[PDB]
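Chains as they are written, first to last, in the authors' numbering: chain N, 1 to 118; chain 7, 1 to 7; chain K, 1 to 122; chain P, 2 to 115; chain 0, 2 to 56; chain D, 1 to 209. To start, the structure itself, in structure tokens.
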Amino acid sequence: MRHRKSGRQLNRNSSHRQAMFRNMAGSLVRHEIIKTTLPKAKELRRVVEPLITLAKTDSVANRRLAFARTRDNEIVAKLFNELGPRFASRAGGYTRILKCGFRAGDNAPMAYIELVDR
Amino acid sequence: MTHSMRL
Amino acid sequence: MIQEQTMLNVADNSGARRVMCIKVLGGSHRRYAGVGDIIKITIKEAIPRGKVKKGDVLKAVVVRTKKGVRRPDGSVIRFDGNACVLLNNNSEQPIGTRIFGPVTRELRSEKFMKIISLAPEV
Amino acid sequence: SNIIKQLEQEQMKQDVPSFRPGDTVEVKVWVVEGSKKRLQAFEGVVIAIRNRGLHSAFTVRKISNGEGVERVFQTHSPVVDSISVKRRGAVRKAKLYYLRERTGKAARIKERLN
Amino acid sequence: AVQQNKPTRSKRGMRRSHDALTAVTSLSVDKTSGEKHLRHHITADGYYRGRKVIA
Amino acid sequence: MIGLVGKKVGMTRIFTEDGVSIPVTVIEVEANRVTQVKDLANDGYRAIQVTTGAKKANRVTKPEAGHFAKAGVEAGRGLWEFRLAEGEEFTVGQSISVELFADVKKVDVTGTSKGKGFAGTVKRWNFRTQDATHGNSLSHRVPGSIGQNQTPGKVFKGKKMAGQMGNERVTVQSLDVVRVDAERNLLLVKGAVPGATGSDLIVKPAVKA
RNA sequence: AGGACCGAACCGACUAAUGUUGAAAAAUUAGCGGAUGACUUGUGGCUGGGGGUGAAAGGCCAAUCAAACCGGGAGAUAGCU
RNA sequence: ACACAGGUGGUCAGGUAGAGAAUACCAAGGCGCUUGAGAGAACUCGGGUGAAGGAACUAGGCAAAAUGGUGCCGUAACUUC
RNA sequence: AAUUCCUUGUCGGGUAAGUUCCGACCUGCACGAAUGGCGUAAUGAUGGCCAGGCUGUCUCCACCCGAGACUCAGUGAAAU
RNA sequence: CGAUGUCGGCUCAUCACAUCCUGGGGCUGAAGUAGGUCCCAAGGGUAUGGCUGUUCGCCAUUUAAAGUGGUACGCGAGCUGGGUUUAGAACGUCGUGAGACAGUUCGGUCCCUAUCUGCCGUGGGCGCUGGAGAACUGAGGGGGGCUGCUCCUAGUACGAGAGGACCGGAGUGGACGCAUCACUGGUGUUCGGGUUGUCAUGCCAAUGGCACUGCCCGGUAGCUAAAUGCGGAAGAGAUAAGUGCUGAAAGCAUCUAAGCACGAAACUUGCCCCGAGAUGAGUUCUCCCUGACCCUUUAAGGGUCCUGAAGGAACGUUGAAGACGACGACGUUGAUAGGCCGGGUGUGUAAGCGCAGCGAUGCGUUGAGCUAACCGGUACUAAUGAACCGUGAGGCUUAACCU
Ligand SMILES: CC[C@H]1OC(=O)[C@H](C)[C@@H](O[C@H]2C[C@@](C)(OC)[C@@H](O)[C@H](C)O2)[C@H](C)[C@@H](O[C@@H]2O[C@H](C)C[C@H](N(C)C)[C@H]2O)[C@](C)(O)C[C@@H](C)C(=O)[C@H](C)[C@@H](O)[C@]1(C)O
């Protein structure tokens, strides 16, 4: 009955959820602003912010953990080279949600999730 | 099949 | 948590090697038996030279449980294997002389004091 | 919390020797039989430690005369008088329930020599 | 499963009394542009609270 | 005598030196200031009204702002009443701490229990689940039969069915007080009291003596 | 060698569950039986209604069988509703 | 009758592990099954785990759980040998 | 007894307890010798019974994972 | 008969009392213990198994007890389908036969998406006579009500002896219910680790995908029981059967006619929960509104401009609150959620580098690295200034008072 339980199921199983969050984290680090649905944007906050916190120290082990959680070497390159020195000052809150109407097809609540640089 | 039937 | 159809080992040397609970005595609709609890048993496997034979319906007292008894300290003592000491059907006194293995200090009371003054560990 | 942790740290015993599972540990516990109190040794293998502060416990498995006995001791209980580690074993799990499935030569474990 | 007799048009309208869609109370005005939008949403021209967010 | 309003702060255990461990619930009993006193001149029955805690000054409405600022007290969350059983007189603004529970021995704790949501008949009324096998068709945790036949022709009122479980007022009686802390304003009671951690409890001395 | 054995394709249909205004007017899922033979399958023929065919259940003969369907006697007849 | 979880004969048949056309993961190649978005109640379906007990369930161990491979050792009554 | 009414025949075995099962006895209401009698190794998705193992069948349910049910937008039936 | 689905089992019950237990009494061929029998009493309780399709019954073993009936022999739009009672096949028997058998045997499709009443929950509207926010009284309604055993009195009263109390007082259990996870556990497909097969990241090393979470080993928080606290009461009133006191009718006698007292788990309270839609709509406290005009059917009238107050709703962040509504916290004059930091917990000594080894691997760095839902903090991110609804002192009559 869900009393103090985090995480959204998002009408997927565990493997689909984890693969979908890995794809969305790749797209967000790549494009720096992506449009998505609202609860997927909140869960994507909880997924993509530890990767940026992992980029704050640049070593072989941390880059291997980032590769284990993104599986794209261009993503871990952009993380440890750009998002590391850029986000070095602020402590948490590397991302920003903005609601943008509703989807035309399924009336889904939309959102833009972006990084706090732009 | 004589189960519901009053037989 | 000895209920009926539970197969217990025998702690003393009355002759049985394996008994089965057929009734947990004391109280209507009682489900389980802890250490302090008399059970009615039948004897399923006996030694050929023993004091009791197979098919005897008599009483016993549980001395070891795999569920384990809880101390008032917050502790719990869980043995391995369930065991009982066989008693006289009416006299409530044990049948065999020596008692094998440990028992609990929860058992300390008159008839089971006669039991507990025979065991190696408590 | 701030109040619960405070009450429990004023409840907690100051000196308890830190051990790991696999360590052959002999616990001396208080035993009451009416007027007179006694101390009683329980020596066996630490198979499980549950660190929770005041609510810590540890399970010790000892083979008595034909039987296997497991005793869960609350660490900061007053009835535990002394904990002494007699042999230090070198398992690599934190829990050792396969010692419940084992017997004899299979239930022996290697010494640490850290 | 089935009805014993059909309901009236009166009992149909009483049932549909609770189906009225609520209107938005009022749209809020942006500070710079002046375009109406929902609260806590960006405008159609990508302004939120006086800041151009999307291109 | 009257009860005091506190907050459920977790559960722990204390070790008596005899060896026995007892589970206590810790109840933070803050200073309860009396806001309004009812008497049988105006009201027909005599009572006191207390508040405790604190609230934001911007989260207080002018009705309750004026009601607190009428007689000597400051803003706490909630207002409660106590029925003054024959021989207590309290001035408004009187701070009432936990010494009356330092004297007493048994206690009644009243709280709103944890809301288990829409529960079925098995969870709510301890119904017996039917057969899991041996032929059963879509009827494992269903409530069974709910009535007889043509002769009543209707379900009876108070028939135990599924519905809202939890989230209701529950009183637990005859809980022993094990320790009273006055410098921490704490109350250790033995056992378990209704509610989640942080929920507001009402603590009265025991009536079933 | 074998109407041998275990076991896929292939053929079947023993149990359970689901479906029962179905996804399906006979299925699905998970187990199940035979699987070199008295096997299975394609293509083409032949047997026809008191007739066929049947390792036989009154089974099958175009979702129809103690006498198929179509059309005609025919608006059979109905002390019955 | 449907853009219907059914049915429908032949040909080709790669890699690793495997006895294998089983099975697991892949290649060439082809698809994500023409409503989605949330939430994470009862109940239903399909599964996973379970203290102590172990058929006490029930018409009935139904359904599950268990067992499972290769090589060697050993193997009873009875027998149509 | 796939046959037996009376009937749960009576005795024995198996069970703490056995209208079923197994062995007997014959009182065969109403077996019986190719509409075959009595055996019988092997076989059986065959009927009954007992045992070991195994387990959520059960004591007595608990939690978790997914698909519906619930809410939102689109389309939109049926029995009666 | 243009259909009212059977026996048994399961699940859930509900009532009667012709009471099985518990409770109260009378008589006894009632010493005690234990009974028998009758009267009062329906608050609560009232087995598990073997056999059988069975209800029943027999049997084994308990219990304080193992009530008896009604409710379509309660209950299939709740489940089952063993039995009887479809189509197959056989036995005995009957029949020349087709076939038949309250005779047996083996096998045999149990549909329904709930409109209305009902019931369990949970909301919207309007009312309650100015509006609002709270806290309550409580009419009334519901839940609950079981009981064993041990010890003391006391081995006393009683009895030859064997035996052995009433009354009263504690303790400790069983079943049942409510609550909550501190403990002990379960779960923990969101945490850590091992490992098999294969594919990929160029390769090594390291990881990832898939194979039921691939198979497993532990396990945080939540939820939860088998875990652990609590409950059933005492008391009060009025009584039933019963026992009385005084007392005539009826010089006596008499519990009764006048009058008075006792007397049960039943009744009313006491305990707990809901509850002013209790339209008979209650009480208490606090807060908010103090402007002008015209018209007409000068009415508890309509309209226009100016003001929108307390508060509410909407929106957003959300919650040990929740199907949705609702409920609760917060909205920068800010710890509501995420992140971050520190800790805790869990798992078990990461990777890389170096050494020993031919190697698998071991050792050092190192109780390392990683850590979900937890804890204490921190405005880093998101909770926007507003707009919207709600008004502008609130009728008549009578009484009592105040200027
Ligand atoms: C798939 C769904 C099918 O229904 C079933 O399978 C159920 C399970 C049958 O029970 C089956 C199975 C069974 C055992 O009954 C459960 C059997 O007794 C009956 C004869 O057939 C039903 C209900 C029968 O009714 C019963 O008929 C009895 C003569 C009288 C009884 N009444 C007194 C109450 C009545 O409800 C009957 C005749 O088939 C109903 C007619 C209308 C139909 O033929 C319809 C088209 C059905 O086939 C069906 C809806 O498609």
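Note that beta-carbon positions come from the ideal geometry of N, C-alpha and C, so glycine has one too.
- Here DSSP, grouped into helix, strand and coil, assigns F87 (chain N) to coil.
- By the rule that beta-carbons nearer than 7 Å mark a contact, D80 (chain K) does not touch chain D.
- In this model, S85 (chain P) and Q41 (chain P) are separated by some 13 Å (Cα to Cα).
- Between ligand 1 and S137 (chain D), a heavy atom-to-CB distance of less than 6 Å is absent.
- For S113 (chain D), the closest of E17 (chain D), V189 (chain D), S21 (chain D), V172 (chain D) by C-alpha to C-alpha distance is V172 (chain D).
- Between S174 (chain D) and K106 (chain D), the gap from beta carbon to beta carbon is short of 7 Å.
- At least one heavy atom of ligand 1 lies less than 6 Å from the C-beta of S4 (chain 7).
- Ligand 1 never approaches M1 (chain N) closely enough for any of its heavy atoms to be under 6 Å from the residue's Cβ.
- In the DSSP assignment, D103 (chain D) falls within the unbroken alpha helix (DSSP H) covering 100-103.
- Ranking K44 (chain K), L107 (chain K), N13 (chain K), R78 (chain K) by CA distance to the CA of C21 (chain K) puts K44 (chain K) first.
- Among the residues of the stretch 67-101 of chain P, those with a Cβ less than 8 Å away from any Cβ of chain D are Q75, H77, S78, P79, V80, in the order of the chain.
- Straight through space, the alpha carbons of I48 (chain P) and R98 (chain K) are spaced by roughly 32 Å.
- Excluding sequence positions up to five before and after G166 (chain D), its CB lies within less than 6 Å of the CB of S113, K114, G115, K116, all in the same chain and listed in chain order.
- Straight through space, the alpha carbons of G51 (chain 0) and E36 (chain 0) are spaced by roughly 11 Å.
- Counting C-beta atoms within 10 angstroms of its own C-beta, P8 (chain 0) has fewer than 16 neighbours from the protein chains shown and is therefore classed as exposed.
- Look at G78 (chain D): its C-beta is not under 7 Å from any C-beta on chain N.
- Nearest to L54 (chain N) by C-alpha distance, out of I34 (chain N), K42 (chain N), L83 (chain N), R71 (chain N), is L83 (chain N).
- Taking 7 Å as the threshold, the shortest C-beta distance from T12 (chain D) to chain P falls below it.
- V85 (chain K) is positioned such that its CB atom lies no closer than 7 Å to that of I77 (chain K).
- A contact is defined here as three or more CB-CB pairs under 8 Å, and the stretch 88-108 of chain N meets this definition with respect to the stretch 37-46 of chain 0.
- Between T129 (chain D) and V122 (chain D), the C-beta gap is smaller than 7 Å, which places the two residues in contact.
- Listed as beta-bridge partners of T97 (chain K) by DSSP are no residues whatsoever.
- Setting aside the 5 residues that flank it on each side, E121 (chain K) is surrounded in the same chain by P102, each with a C-beta closer than 6 Å to its C-beta; the list follows chain order.
- Residue pairing by DSSP places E68 (chain P) opposite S65 (chain P) in a beta bridge.
- About 7 Å separates the CB atoms of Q36 (chain D) and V92 (chain D); that is less than 8 Å, so the two are in contact.
- Chain order gives the chain N residues near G117 (chain D) as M1, where near means a beta carbon separation below 7 Å.
- Sequence-distant partners of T33 (chain 0) (beyond 5 residues in either direction) whose C-beta falls short of 7 Å from its own C-beta, in its chain, are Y48, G51.
- If you check the C-beta of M7 (chain K) against ligand 1, you find no heavy atom less than 6 Å away.
- None of the residues of the stretch 35-53 of chain P has a beta carbon lying less than 7 Å from any beta carbon of chain K.
- Assignment of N52 (chain P) by DSSP, reduced to helix, strand and coil, places it in the coil class.
- Remark: the C-beta of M1 (chain K) is outside contact range of ligand 1, defined as less than 6 Å to any heavy atom.
- The Cβ-Cβ distance between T25 (chain D) and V177 (chain D) does not fall below 7 Å.
- Counting C-beta pairs closer than 8 Å gives fewer than three between the stretch 85-101 of chain D and the stretch 146-159 of chain D, which falls short of the contact rule.
- Below 8 Å, enough C-beta pairs join the stretch 89-102 of chain P and the stretch 20-28 of chain P to call them touching: three or more.
- Taking a Cβ-Cβ threshold of 7 Å, the residues of chain K close to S65 (chain P) are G101, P102, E121, in chain order.
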